[PDB]
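Sequence lines set the chain letters: A, B, ... in the order given, protein chains first and strands last, and positions in each chain run from 1. Order of listing sets the numbers, starting from 1, for every ligand and every atom in it. Computation of the quantities below employed the complete heavy-atom set of this structure, encompassing side-chain atoms and omitting hydrogens, waters and symmetry-equivalent molecules.
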Amino acid sequence: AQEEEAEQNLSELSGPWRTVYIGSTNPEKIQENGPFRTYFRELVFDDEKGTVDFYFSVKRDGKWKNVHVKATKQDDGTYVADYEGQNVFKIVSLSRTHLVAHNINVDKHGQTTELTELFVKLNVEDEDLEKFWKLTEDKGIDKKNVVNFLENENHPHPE
Amino acid sequence: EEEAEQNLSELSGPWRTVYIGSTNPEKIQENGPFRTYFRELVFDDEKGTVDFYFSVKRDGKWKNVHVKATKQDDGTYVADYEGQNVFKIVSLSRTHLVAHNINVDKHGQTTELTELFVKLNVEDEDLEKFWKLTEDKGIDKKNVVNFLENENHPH
Ligand SMILES: O=C(c1ccccc1)c1ccccc1
Ligand SMILES: O=C(c1ccccc1)c1ccccc1
């Protein structure tokens, strides 16, 4: 026989995530204007369809682009996705706080690039959200006069 | 299983704004001085100060701003930024900060703000796992980009 089915409950991990480090066997891919110099914003895991949606930003041709990629899991355990070629992505380490992954990309010219990455989750606990809303209510502030900086398109540029 | 010793200076590092509320909506609307995107906070126990590093859009352009707040005997902080500010920390832990700020501008107008900020924690064991994986794939350390420091020092 082989290995047995892997238990999964990644739905919980969905939410805002950020890029910490990305390594590459080909520096061109992550250098300025590179296709994989990706600033993550959000990750959504769906245990039913067995997919992962990536929402990130990349600067291309001097302009900033918000990209949405959808990855599909395989019996293999790895995920496949189309972005600047074909990608085979593997989650090496995962938890409520971090994600260490390895990705293999083959561009249109058949060039194979291997990338490693570390991403961290921006966790907002319910207890702390309640403390904010109560405080906000005590100061007589209208829910309408509250801005969400986690999901706002009008944000600073890292480069 | 181990955890770093808890210290105030241990709270220093990359922080992000989650929510900001204002009694005066104009202060946090686009081009408002308090629509602040936090980058880093630096706490200093000995000196009784907190250094704020954030970005704010003004006249269609992003500005990086640094503000140093000083603690008072009553535990609150004072800071000079678009008038005088009295900053109060309502709840603080390794992962979150809830604060109340009172601001009085150069015209005598008072605005009361509330905010929820979160810290971006990078654990030592997670960094090691990343570096072990990176070397396993024969990736040179100079072929690695630090995205966190780019976002913390934008332009
Ligand atoms: O930005 C990555 C990526 C972006 C879009 C599709 C697949 C992967 C990536 C980089 C390094 C490791 C793992 C994933
Ligand atoms: O922008 C804030 C601020 C920035 C610099 C000095 C004082 C206050 C702030 C926002 C929300 C809650 C508490 C304080």
> Would you tabulate the side-chain donor-acceptor contacts of residues 151-159 of chain A under 3.5 Å, counting partners in other chains and residues two or more places apart, or write 'none'?
residue, atom, partner, partner atom, Å
A:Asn152, ND2, B:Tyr37, OH, 3.1
A:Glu159, OE2, A:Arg37, NH1, 2.7
A:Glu159, OE2, A:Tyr39, OH, 2.7

> Should the proximity of B:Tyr77 to ligand 2, defined as any heavy atom under 4.0 Å, be assigned to the side chain, the backbone, both, or neither?
neither
> Quick check against the 3.5 Å criterion: does A:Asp107 have a side-chain atom that pairs as donor or acceptor with the backbone of A:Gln111?
yes
> Which of the numbered atoms in ligand 2 are under 4.0 angstrom from any heavy atom belonging to B:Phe117?
10 (C), 11 (C)
> Side chains of B:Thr114 and A:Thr136 only: does a donor on one sit below 3.5 Å from an acceptor on the other?
yes
> Looking only at the side chains, is there a donor atom on one of B:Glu112 and B:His100 sitting less than 3.5 Å from an acceptor on the other?
yes
> Please could you name the atoms of ligand 2 that B:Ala99 approaches to less than 4.0 Å, counting only its heavy atoms?
12 (C), 13 (C)
> Do A:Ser57 and A:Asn66 have a side chain donor and acceptor closer than 3.5 Å?
yes
> Can you find an N or O of A:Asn87 that's nearer than 3.5 Å to an N or O of ligand 1?
no
> Please determine whether a side-chain nitrogen of the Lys or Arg among A:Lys131 and A:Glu125 lies less than 4.0 Å from a carboxylate oxygen of the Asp or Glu.
no
> Is it the side chain (CB and beyond), the backbone, both or neither of A:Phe54 that lies under 4.0 Å from ligand 1, heavy atoms counted?
neither
> Check each atom of ligand 1 against the heavy atoms of A:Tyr83 and keep those under 4.0 Å away; list them by number with element.
5 (C), 6 (C)
> Out of A:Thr78, A:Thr72, A:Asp76, which residue meets the side chain to side chain donor-acceptor pair (under 3.5 Å) rule with A:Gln74?
A:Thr78
> Using heavy-atom distances only, which candidate in A:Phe40, A:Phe89, B:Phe130 approaches atom 14 (C) of ligand 1 most closely?
A:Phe89
> Using distance alone, with no hydrogens and no angle criterion, decide if B:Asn7 and B:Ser9 have a side-chain donor and acceptor under 3.5 Å apart.
no
> Out of all atoms in ligand 1, which are within 4.0 Å of some heavy atom of A:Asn103? Include the element for each.
12 (C), 13 (C), 14 (C)
> Of the side chain and backbone of B:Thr114, name the one, both, or neither that has a heavy atom under 4.0 Å from an atom of ligand 2.
backbone
> Using a strict cut-off of 4.0 Å, indicate which atoms of ligand 1 neighbour a heavy atom of A:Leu115.
11 (C), 12 (C)
> Would you mind listing which atoms of ligand 1 come within a distance below 4.0 Å of any non-hydrogen atom of A:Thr38?
1 (O)
